[PDB]
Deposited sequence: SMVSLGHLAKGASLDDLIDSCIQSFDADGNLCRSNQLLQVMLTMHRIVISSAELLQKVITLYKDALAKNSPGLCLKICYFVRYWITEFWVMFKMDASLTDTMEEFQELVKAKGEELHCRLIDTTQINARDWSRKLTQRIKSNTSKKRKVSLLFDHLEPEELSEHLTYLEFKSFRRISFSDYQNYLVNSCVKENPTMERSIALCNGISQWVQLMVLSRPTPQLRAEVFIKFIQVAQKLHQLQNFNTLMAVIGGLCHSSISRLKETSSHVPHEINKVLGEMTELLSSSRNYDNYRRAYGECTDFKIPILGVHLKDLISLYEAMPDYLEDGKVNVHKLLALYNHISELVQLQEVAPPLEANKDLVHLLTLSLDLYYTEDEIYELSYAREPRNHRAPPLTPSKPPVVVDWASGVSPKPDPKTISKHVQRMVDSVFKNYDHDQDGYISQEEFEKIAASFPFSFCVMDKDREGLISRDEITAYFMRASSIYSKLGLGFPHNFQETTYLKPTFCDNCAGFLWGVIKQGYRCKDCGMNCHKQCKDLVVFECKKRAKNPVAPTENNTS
């Protein structure tokens, strides 16, 4: 390629970038300097300061009275804005320096220069996808569903989650040394951990008899289908959940059920095993063609190792471009994946159900206590968390909303506002250890507000976020015996035994009043 061994001054890297364009605007046949610089520059300096360098360059060249260097500069900038919009949307300082530059070239007001650097039209066209950027029919019931369907929709989820990660996110993860400041990756983490805990809690959810290990079998089948779908990350998630200490400590279940599977589990462990370092996975992933998913944990370890290996600035005082080239190559290799869409089966109701299923935040100790409570007496997804991910009430409230809307459209049959409690129980099976205190309008029928209650309570326990609809409460002295409409329990005391809602007259303990799940207009 174009060659820098000891590297080069940042000023000259910029100069080269601009000189890759010509007065007519055409771009050089070899761009890789543009690519590497425009993508990686954020490690040496901020994009604001860089743009400022370009501005000093522009004022200079305009004062030199050369239309060609100005035009080239503007074409370079236009290319920056057009080819990476994301950097501009996310970065505030960059956008403000862009407005500054625009107002500068407008105040000077020389012809086409202004037209070339406009953000407005590009921004307009970017938000311009109103439409997304007869299917098939699947069921929301976990008890009867096929492991391939589960693996498929989990792969859809994981793939979207991955796609959300961008070049600049990897760059940011490299510069900040793993802060949760950058959301996309955190969401992928939540998704992985959530899948693991979903597996573990789903196994523990079933009653003491055989059935738990039947669920075990079913998740191992899901794992197989994930393997054949070449989705390695969620594969690591489900196996990592099946191999966890709390699930591994159930001997009765292990002893109950079949061998072929245990052999398969051995195979999945040995495959996914971390013997230094994940070489089995490295070669497995090597033979994979077309659609694939990275297990981005080890790849991020690779990125970090690369970042720490090479010095950012060289001892010569110049910029080390070997580093920027290497990181660009690795990150580009990763982003490359998101171009190929998954083979199959987009169904968004099941997606809604799973996105809600998979929001789980639990202590290891809690799960050990459940597992131990059920049974009296090492393949690690990590990606080691120095900090655990935390839940966002907005995405979870949307999740519940979408879940309700979907279970409504699918299973209501336009019949009343209700669905049969049998089908509901079957859907509930897909939510481990989920229960909500309520009393029902009809026997064997569930209101929309009632199911919203159930899922809101479920999500409230799962995310460990107490949340509920606002009521106007007033501390009330109850003269006749009365019970909590939230926790279904007696209000103790002589006086001031609870809180009454002014408008709807709902009765609650002080503890239950903030977390009440039902609406005030009852």
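How would you write out the unmodelled ranges of the deposited sequence, numbered from 1?
Residues missing from the model, as numbered along the full deposited sequence, span 1-4, 138-144, 389-400, 546-559.
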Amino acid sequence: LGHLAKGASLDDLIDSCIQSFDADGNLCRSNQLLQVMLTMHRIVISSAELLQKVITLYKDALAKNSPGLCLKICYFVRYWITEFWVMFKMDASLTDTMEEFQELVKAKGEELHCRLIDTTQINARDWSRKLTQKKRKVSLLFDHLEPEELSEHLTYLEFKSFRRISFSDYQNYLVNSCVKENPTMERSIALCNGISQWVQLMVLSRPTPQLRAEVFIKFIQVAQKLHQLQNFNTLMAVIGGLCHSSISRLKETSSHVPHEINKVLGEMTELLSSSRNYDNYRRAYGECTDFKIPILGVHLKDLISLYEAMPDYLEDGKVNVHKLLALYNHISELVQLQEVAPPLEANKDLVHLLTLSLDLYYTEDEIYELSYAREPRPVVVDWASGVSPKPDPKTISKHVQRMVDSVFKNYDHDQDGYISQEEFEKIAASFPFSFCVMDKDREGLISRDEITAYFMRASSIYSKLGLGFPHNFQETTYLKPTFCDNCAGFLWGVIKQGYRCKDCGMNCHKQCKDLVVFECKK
From here on, numbers count along this sequence of modelled residues.
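Do the C-alpha atoms of 343-351 or of 237-245 have the higher average B factor in the entry?
Result: 343-351.
Taking the recorded C-alpha temperature factors, which stretch has the higher mean, 307-315 or 103-111?
Per the PDB entry, the higher value belongs to 103-111.
In terms of CA temperature factor as recorded, identify the highest of 387, 334, 428, 71.
Largest recorded C-alpha B-factor: 387.
Please work out which residue in 78, 282, 153, 130 has the highest C-alpha B-factor recorded for this crystal structure.
Answer, based on the entry's C-alpha B-factors: 130.
Looking at the temperature factor on the CA atom of residue 505, which third of the chain's modelled residues does it land in?
As the PDB entry reports it, the C-alpha B-factor of residue 505 lands in the highest third of its chain.
When the modelled residues of the chain are sorted by Cα temperature factor, does residue 330 land in the lowest, middle or highest third?
Its C-alpha B-factor, which the entry lists for residue 330, ranks in the lowest third among residues of this chain.
Grab the CA temperature factor for residue 41 from the record and place it in the lowest, middle or highest third of its chain.
Lowest third of the chain for residue 41's C-alpha B-factor.
Sort the modelled residues of this chain by their C-alpha B factor and say whether residue 145 lands in the lowest, middle or highest third.
Tercile = highest for this residue's CA B-factor.
If you rank the chain by CA B-factor, which third does residue 382 end up in: lowest, middle or highest?
Top third by C-alpha B-factor.
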